[PDB]
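Next up is one chain by itself, shown in C-alpha cells, the form solved without 1H-indole-6-carboxylic acid (1F1).
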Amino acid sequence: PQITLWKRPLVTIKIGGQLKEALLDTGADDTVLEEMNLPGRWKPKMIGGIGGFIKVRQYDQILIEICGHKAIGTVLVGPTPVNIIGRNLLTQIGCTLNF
C-alpha cells in the first residue's frame, strides 16, 4: 500500500505469535521492539538516536509479518518506547519513499 504521513506511520505487525503495532521508520537503520521473549539466542548491542544510547538484545533470522508482508531478519529488543520497523526489514518488503 501507499501510506501518507499526516499521521505517524503505524502499521500492524505479527511476531512470535503476537500482534503488535510498529512505526515504519525510514530514520531507523535497525528494527527495534519493546521487551519480549524470542526464540533462544542473542548477542548484546547498542543503538543510539536523539538523546544518546540504549542497550538492546540482538536476535537474528527472526520472522515478522509487516502489514501482511513476510520478512526474516534481525530484530532488536530493548527499552524503546515505540516499536520501530527499520530499513533492514523495510527493504525486504519493498518499501520506498515517494514524492
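Sequential numbering from 1, following the sequence displayed. For clarity, a rigid core is taken as the largest C-alpha set superposing within 1.5 Å between two forms.
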{"item": "Divergent stretch in 5 other deposited structures of this protein, 38-46 or 55-63 [C-alpha RMS, superposed by the core]", "value": "38-46"}
{"item": "31-39 versus 59-67 - which carries the larger mean C-alpha B factor in the record", "value": "31-39"}
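The same protein also has a form solved in complex with 1H-indole-6-carboxylic acid (1F1), omitted here; what follows describes it.
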| property | result |
| --- | --- |
| Open or blocked, 1H-indole-6-carboxylic acid (1F1) overlaid from its pose in the deposited complex onto this form, 2.4 Å backbone/C-beta test | open |
| 4.5 Å heavy atom contact, residue 41 and 1H-indole-6-carboxylic acid (1F1) in the deposited complex | no |
| Residues within stretch 33-59 having a non-hydrogen atom within 4.5 Å of 1H-indole-6-carboxylic acid (1F1) in the deposited complex | 42, 44, 45, 46, 55, 56, 57 |
